[PDB]
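Trainee: This one is an experimental structure. Sequence first:
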Amino acid sequence: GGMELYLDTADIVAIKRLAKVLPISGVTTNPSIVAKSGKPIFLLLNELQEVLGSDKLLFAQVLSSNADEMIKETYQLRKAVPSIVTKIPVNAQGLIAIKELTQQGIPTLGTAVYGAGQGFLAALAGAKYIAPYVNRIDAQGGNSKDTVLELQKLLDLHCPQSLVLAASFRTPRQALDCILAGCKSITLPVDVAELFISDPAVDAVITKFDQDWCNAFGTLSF
Amino acid sequence: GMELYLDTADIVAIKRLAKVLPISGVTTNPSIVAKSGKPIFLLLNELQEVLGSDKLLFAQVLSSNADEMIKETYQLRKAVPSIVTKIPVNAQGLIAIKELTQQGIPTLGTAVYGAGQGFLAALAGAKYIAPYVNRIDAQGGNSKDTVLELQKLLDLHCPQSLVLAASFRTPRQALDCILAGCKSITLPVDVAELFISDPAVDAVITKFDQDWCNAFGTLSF
Amino acid sequence: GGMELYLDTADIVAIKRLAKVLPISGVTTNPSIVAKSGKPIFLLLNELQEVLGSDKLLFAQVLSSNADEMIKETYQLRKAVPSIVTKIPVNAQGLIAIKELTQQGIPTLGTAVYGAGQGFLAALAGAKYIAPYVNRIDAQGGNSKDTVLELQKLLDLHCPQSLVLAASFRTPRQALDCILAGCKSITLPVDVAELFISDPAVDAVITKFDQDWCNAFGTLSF
Amino acid sequence: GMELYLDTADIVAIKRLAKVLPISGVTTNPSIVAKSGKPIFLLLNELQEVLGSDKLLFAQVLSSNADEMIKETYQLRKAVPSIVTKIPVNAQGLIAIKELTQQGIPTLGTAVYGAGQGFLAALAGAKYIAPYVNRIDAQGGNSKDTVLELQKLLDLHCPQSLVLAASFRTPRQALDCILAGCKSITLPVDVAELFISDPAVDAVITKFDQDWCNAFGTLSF
Amino acid sequence: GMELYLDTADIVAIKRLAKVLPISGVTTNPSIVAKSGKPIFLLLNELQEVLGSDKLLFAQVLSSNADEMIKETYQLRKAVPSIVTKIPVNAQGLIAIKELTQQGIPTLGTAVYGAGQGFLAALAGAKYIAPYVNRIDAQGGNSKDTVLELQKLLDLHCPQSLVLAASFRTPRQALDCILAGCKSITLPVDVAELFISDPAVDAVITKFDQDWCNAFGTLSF
Amino acid sequence: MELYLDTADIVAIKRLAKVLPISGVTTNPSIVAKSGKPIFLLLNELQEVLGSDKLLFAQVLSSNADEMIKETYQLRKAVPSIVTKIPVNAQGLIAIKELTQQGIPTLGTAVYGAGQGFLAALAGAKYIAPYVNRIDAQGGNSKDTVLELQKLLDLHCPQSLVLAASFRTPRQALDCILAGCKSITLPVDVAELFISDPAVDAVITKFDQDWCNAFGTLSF
Amino acid sequence: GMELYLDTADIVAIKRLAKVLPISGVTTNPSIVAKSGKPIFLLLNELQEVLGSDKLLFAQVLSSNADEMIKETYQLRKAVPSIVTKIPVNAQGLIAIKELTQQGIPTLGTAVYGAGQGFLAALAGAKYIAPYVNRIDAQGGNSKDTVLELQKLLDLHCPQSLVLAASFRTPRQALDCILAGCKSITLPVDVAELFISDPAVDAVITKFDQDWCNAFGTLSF
Amino acid sequence: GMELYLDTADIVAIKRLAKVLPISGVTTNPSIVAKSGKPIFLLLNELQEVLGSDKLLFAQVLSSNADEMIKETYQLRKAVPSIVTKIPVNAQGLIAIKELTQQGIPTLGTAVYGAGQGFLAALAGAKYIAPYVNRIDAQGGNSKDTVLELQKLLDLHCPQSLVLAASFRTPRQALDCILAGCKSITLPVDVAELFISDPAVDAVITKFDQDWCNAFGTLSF
Amino acid sequence: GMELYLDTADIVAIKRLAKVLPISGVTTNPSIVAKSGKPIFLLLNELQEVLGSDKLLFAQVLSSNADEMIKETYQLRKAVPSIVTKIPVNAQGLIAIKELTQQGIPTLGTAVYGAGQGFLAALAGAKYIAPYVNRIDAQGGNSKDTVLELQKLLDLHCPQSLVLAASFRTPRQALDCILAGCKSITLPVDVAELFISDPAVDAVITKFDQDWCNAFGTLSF
């Protein structure tokens, strides 16, 4: 029980289109995604809320490398979007920020996770969501499938209050393996999300259905 | 809660197999209805007559546009108020499934060739997800692996949906599906018959009858 | 929990001997077993009840190949032995009979099962017991251990009100693999039943125990 | 090495697929020939000529008696001197195979449903052993396991014999056979065509063609 | 609820090991008693004296006849009212076990060499089942496989019984038994001592002391 | 591969030798007992039915190595190429060593464990016969024991081979040759089960039906 | 739940890492105290001031006699009432653990090189069992195997105890322990820091920041 | 091929077992000789006399210094010129092994508790490597795993060396060593006799004789 | 064959360890050289002196530019004609490796963190590929898996190259590398010592001596 599917993008046009088609729970962003959109972050977040509605969840990342400024940036994000989940890279200063924000009851996501132990520490520090960079692990000679299975196992064994938000994908096989490992949430870029619903075998069997129907009845109606 | 369906529009076969097998109803698709040559609303009433009222029917929308798929769903429901509507899992199909779920209308996401595809239909609200088992094997895939993955996703993440395994040329394909844990399956006539006609069974029954007749003369108590 | 161990014989002498030794729940018969005893089936059912007592369970098989007469034969058997379980071969006519008897609350066993799918259909039809012919599967180039594992798995997944009654054995290894697969009942021929309790290693160690005891104390007594 | 055969008596389909696929010959059985409706010697004449002399033919005896099986083998060898005679692996079949082996006549042991049965035919002298893959699956067995065991027995104990995998409803069945190590296989027409008609292949060729025409105007260098 | 017993009649070693290990009592068998040289009623008296009152004793009948095994059981119970009586799992032993179970008298089915044999004793009502682990290994068997099968049968079918693993020459055998899930075990002296006397432990404790004494002068706070 | 029949039934042997590609016939004292024939009368009967081109096995009776040797001589005198079966225990090992030195082939029989059977191979026995069904009958796992024994011979005894014996099911026999055993001896009931699958008769019946429906004769 | 400890006496390192990591306290052993040069009662006071009242401390007895180990346990409890005392799992160690458990004192059984040895300490009543993971690897063993076996024993038989995995040279060892199910672990400083100092993390964070600044010219919202 | 040795100094047992088992010689160690009460050169003379010349003997050096180990090796070669000298694989033993290999004197690296330790002795020139199988099990290890690792290293990197498996309490340990591929093994008396004393063998022989006697009267031809 | 190297600039340790271990040479890297404080040509002459003439040395280039890497390779060969030059496997190192290969100069591709990266160096001509085993574990990877993959790629595709496994904190890492099939390895001092200093070995040597002295009085023959 419980899957949360997110779109990993800041293209408002694609979000509007894919949110109609896919059963999505919200949108994740990161500094490069926001920069490639060219929109100031507070304007983007307003456009995101308008297109998504009020029942959905937004994620946005801090910029500073010291924990005190990360905490101040979280406050800015919360002021713009009161339910927003703040993404914090899992390093020394991030762990300091995650611990304090947890003490104040502010939800966080531990991001830029390349190893199972690294992400586990962010869960122990209080982050509800842990985001391994699946494709970057594969891009650096690792095995993202193994890393995600280990991370999910550690949360199942030891941190039931946290979950994996698998992120960073170039293929549907990567995404599929993450949710097969048990990840309770995932965020997909536009190109990978579209691939799940554009298999050519599906078109060909529908074409064959319509042809058989027309050859027997003339029109494609009941 | 296993549900066994027959995947056919052959009323003669359905009448016969419904007396033999513990079936919950009948599934159709546009090729099956086309092969019967009957208008679908006549066929649907014929199916209700042979099956009765405790059983469940499945029928497929025709158009590729979500608005007309929904209109076609309403036509089917009007003819058969309990029918489950089959909708291909593609962009327009997912839109239809979400709309119909919003209204409490049960659906089946069909023409599923991959586990992620089928999983998206369940998340959009379809109660049933039907992988095309044999078509996956026919196009160089491994249907056993695909069905295992899809059932695993439903067990992990969508306990309110089930796999309705479909499209079969061998009983081995169908058996592997229910061994994977699929809670529903629809068999074509030829595969259904194969499960219940093993020459080894006839042979041992013949030996039983010979032994009984050798000892007592008549095949009776 | 509840294991049910049956004896698969009509040999009254061997039944009273092995029922004193083994924890048996009753006796299964089939037409060849009854034919070999030479006794009319109602005479035999009388002697079986007398030798076994009132707490045990009996299984007897229909003769007819037509569903209507299988049903009537079931009623004949139930008239003689009100608690008897009727064995019905899992073929087309057999499934018709099982379906009707299930609606009427009459317990049945689906017998002559050579494949997991076949047996599963009898459980879906309502048969409480499913009896694969374990040794006959091995005798016809198959693999009885694989088949019994698939059958038990189907019942655990989908039919928790049915159980496997494993039958037809030439070796204790076959029977042991069945209860290891999780089969909740089993019926043993006399020779296989005796083998489970006549290992020469046990006799040798007891003999060594007695020799050590008499070497030390002179008598085999406390 | 690998010997690929077609399992059919349809002379039109054989001519079409022998142009397309790298086939080594054609196998027949009594039902296959019966379905064509052609007398056996008429059919063998047509098969020899459509295939040419480079290829191999397989045809099955009819009788249940070993001495008549042998005489029927002589009839086939007279018509097609290089033919391989198919003999069902049962008691009389095994007698024929031993006698024909002694006479230096090649045989195939057919109707194999178990690995031990097929192994006995190889020990008797049959060069080819044909498990009925799909019939094993159709009767509650597991053809993948049975073929693996048969192939392992020949690899361990009978290097002069090989499996000719036969009887197919899905390409997955046929692929599992050659992955098991089977050195020869015979496909019915519909399975052979499935191997070469995947719609994803069509889709990527169509896409290549659109990309080329946009860039260069015509589908030419 | 693990129960650890010692398998010995050496009363000096019992009181020593009972101060080190958390033992629940002592198991005997006719050879252990015979080698002790002490009559059993004297031995049983010394065991109660050394162990105290909250511990459990196991002793074995001598006769091969079920009626006399039952008489011997009553003799043991009169000397030690809480004692568990060990009965070999054979035809006469099973008769004895069933009768004593009906009378509410606890038993251990001993001299178990196979999983089926042990399982029958649990069905007959024995609370404890004692495979002879090392004797299985000694006669060309595999005790690890046999114990895993026995524990599996009890987990599946007899929740009220437990394995009391017995007969050991190596700690590896004992460790594999409790890893298999056996809820009780009885160890001979030499195997029990090996669990708690690793040279690596002494070596690391020595190095701890040397470091502490180099820092602070003596081995004290 | 060497396939033998494990029986003394002369009628059954003559029938199955025509059908199966057998190399000969193995006996043991119970098999000879059940026949009721004195062993030399039976062996001459076996050599007449089998012909001069097959191979016989027969077992010593004595428990003492010296008398096992003399019993082997009696066997060789009756059947010069016979392979003598010697139970693998301490006295049996002594006899096998000695017979090997005389150039007399032996089978080490009554093998219940891989180590035991391996020792008879190192002592010179060409054939090693595990009692497959007896291992299963006494709480063992014959498939495990036979895999271990065959592995030992593959690693260390190229001149020796397993002769798998004692069977109640074709499944047992198949698992032995799948394990690599190069010889096997089958009782009559198991041997016939390999060639009497009802599925095979059923498909030939359908073949004949399709052919007769198309052509009107069951002929070419 | 999970308990993460630091295995060190370096006060400067403890206060730095306690701010970063979600630690539950600090474990010490004789060598660790000896390197620090501080008398243990001074170091225990510093450790409380740096950590605060909510954390948990662990410290090891010195003696080899159960009596003196028990004395040293009371000295430690006098200074730190909530402290958990570490006792080597050997003969005299198990005597101390059995006595301290009967008094309701919590203990940790340390210097564990095998699963059986550690299991006996849990049966004696030690709440924590500390295998020396790296020392098992250092002496030709396989620490991953030993930790798996030890944790399986506690899961099967001692639900009131838990493994406190200790002694590490690589983060791979530490990760394997928590993947095995260990509910607690204590890390040396250098392994702890490696978990949070991957060059790939710095590289991707740098790319994010450079992308942002190239577009908007400041690192601010 | 396989080399089977006896690990004893019992001249009575050696003489008895050499007539039954195919043994290649006898190994000793300092404890086996000490337990004999015989001075080593007297014992070595007796072992040659009992075994004859076509056998191989193993004896172990005493000192911890490499120079004295070499001296002790010369004394053994003077006493028994074909003998194989056992050297414990530690720092000094490795120096001794490298020196004796340069001189053409064959050695066995003994007291091997880990695969890496044993491998270095092979690389240093020792023809035989002796893991202490039962001692690895006694100290919380897994002898099966260590021997498999040691054999693998020699197969991959040092095939001119071989494992001489030693130290046994059960035939199962011994059998696993030879199943792992060890080309030599040395057995204590009691384990060696267990391989040829299975009670199942005596029982089936008795049944054979009972069948024979019932049918013929005398247990003869 | 197996090449064992020491990964150090510690002349004293090398002299000591080369006496004990079968050492084929010494590997260095810029940190090891810098830590010794000796300019590289000084250290190389000192290594040649302690190792002698038939041992192999490895040394690493400094520059990030392929042209300058090649010139530095020429300087190293001038100093030590047989030296193997270490080159980091990045874009410029690959350029250097391809050019040095064309000149017949031997190279090692170092700083390998992924199997594909190392494989590219082998294809470019590097004879040795040096994965940084412990650094892979240090950064949240699995060194065991990465080494297995790298070795497999060389076994499948590059028969002229081998893995020189490097960078170790535990003997477990080192043993897993040679078990994976790596044909060369370089050990730091502390790990090399651990292979030959097991406390179990000392303890069994001590028992052998006590047994000998109890029965004979002196520790001599």
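Mentor: Cool, got the structure. Numbering: from 1, shown residues only, chains lettered A, B, ... in the order given.
Trainee: which helix in chain A runs the most residues?
Mentor: Taking DSSP state H as the criterion, chain A has its longest helix at helix A:200-217.
Trainee: Can you name every helix or strand that that helix contacts?
Mentor: Other elements packing on helix A:200-217 under the criterion 3 or more CB pairs under 8 Å, 6 or more residues apart in numbering or on different chains; DSSP states H and E are helix B:30-36, strand B:107-112, helix D:199-216. From N, CA and C alone the C-beta is placed, and that goes for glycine too.
Trainee: The one residue sitting closest to the centre of chain A: what's it in contact with?
Mentor: By CA atoms, centre = their mean, chain A has its centre lying nearest to residue A:187, at 2.5 Å. Contact analysis of residue A:187 by CB atoms under 8 Å, 6 or more residues apart in numbering or on different chains lists A:5, A:6, A:7, A:8, A:28, A:59, A:131, A:165, A:166, A:167.
Trainee: same check, this time on residue A:196
Mentor: A:172, A:175, B:114, B:116, B:117, B:120.
Trainee: Spatially nearest residue to it (excluding sequence neighbours)?
Mentor: Spatial nearest neighbour of residue A:196, excluding adjacent residues (CB to CB, 6 or more residues apart in numbering or on different chains): residue B:116 at 4.6 Å.
Trainee: what's the neighbour count on residue A:155?
Mentor: 21 (other CB atoms under 10 Å in any protein chain shown).
Trainee: brain fart, residue A:2
Mentor: 10.
Trainee: try residue A:87
Mentor: Residue A:87 has 26 neighbours, counted by other CB under 10 Å.
Trainee: try residue A:132
Mentor: Residue A:132 is flanked by 30 other residues according to other CB under 10 Å.
Trainee: got a list of what it touches?
Mentor: Contacts of residue A:132 (CB under 8 Å, 6+ apart): A:113, A:114, A:119, A:144, A:147, A:148, A:151, A:164, A:166, A:167, A:168.
Trainee: Could you identify the buried members of the residues you listed?
Mentor: Among these, those classed as buried by 16 or more other CB atoms under 10 Å in any protein chain shown are A:113, A:114, A:119, A:144, A:147, A:148, A:151, A:164, A:166, A:167, A:168.
Trainee: tell me, how many neighbours does residue A:38 end up with?
Mentor: Applying other CB under 10 Å, we find 10 residues neighbouring residue A:38.
Trainee: so what's the backbone phi/psi at it?
Mentor: When read as degrees, to the nearest 10, the backbone of residue A:38 gives phi 80, psi 0.
Trainee: From chain H, how far out is it?
Mentor: 59 Å (CB to the nearest CB, to the nearest Å).
Trainee: again with residue A:129
Mentor: 40 Å.
Trainee: wait, isn't that residue in contact with residue A:85?
Mentor: Yes: with contact defined as CB atoms under 8 Å, residue A:129 reaches residue A:85; the gap is 6.4 Å.
Trainee: Residues in contact with both of those two, list them for me.
Mentor: Common contacts of residue A:129 and residue A:85 (CB under 8 Å, 6+ apart): A:59, A:107, A:108, A:109.
Trainee: Chain C: which of these is nearest?
Mentor: The nearest member of the shared contacts of residue A:129 and residue A:85 to chain C, counting by CB to the nearest CB, is residue A:109 at 37.1 Å.
Trainee: so that closest one bridges to which residues?
Mentor: Beta bridges link residue A:109 to residue A:87, residue A:129 when assigned by DSSP bridges.
Trainee: residues contacting it?
Mentor: Counted by CB under 8 Å, 6+ apart, residue A:109 has contacts A:59, A:85, A:86, A:87, A:88, A:127, A:128, A:129, A:130, A:131, A:165.
Trainee: which of those lies closest to chain F?
Mentor: Comparing the contacts of residue A:109 against chain F with CB to the nearest CB places residue A:130 closest, at 45.0 Å.
Trainee: I'd like to know how many residues surround that closest one.
Mentor: The number of residues packed near residue A:130 is 31, by other CB under 10 Å.
Trainee: quick one, what contacts residue A:125?
Mentor: Neighbours of residue A:125 in contact, by CB under 8 Å, 6+ apart: A:95, A:98, A:99, A:102, A:110, G:21, G:22.
Trainee: Pull the number of nearby residues for the residue of chain A found nearest chain F.
Mentor: Among the residues of chain A, residue A:212 lies closest to chain F, at 29.9 Å counting by CB to the nearest CB. By the criterion of other CB under 10 Å, residue A:212 has 17 neighbours.
Trainee: do residue A:213 as well
Mentor: Other residues close to residue A:213 by other CB under 10 Å number 22.
Trainee: Just to check, it is in contact with residue A:222?
Mentor: No: assessed by CB under 8 Å, residue A:213 is found out of contact with residue A:222, at 10.0 Å.
Trainee: tally of neighbours for residue A:111?
Mentor: For residue A:111, the neighbour count with other CB under 10 Å is 31.
Trainee: Sorry, wrong one. I was asking about residue A:182.
Mentor: When neighbours are defined as other CB under 10 Å, residue A:182 has 18 of them.
Trainee: Tell me who's in contact with it.
Mentor: With contact set as CB under 8 Å, 6+ apart, residue A:182 has these partners: A:152, A:156, A:164, B:156.
Trainee: mind checking how far it is from chain E?
Mentor: In terms of CB to the nearest CB, residue A:182 sits 26 Å off from chain E.
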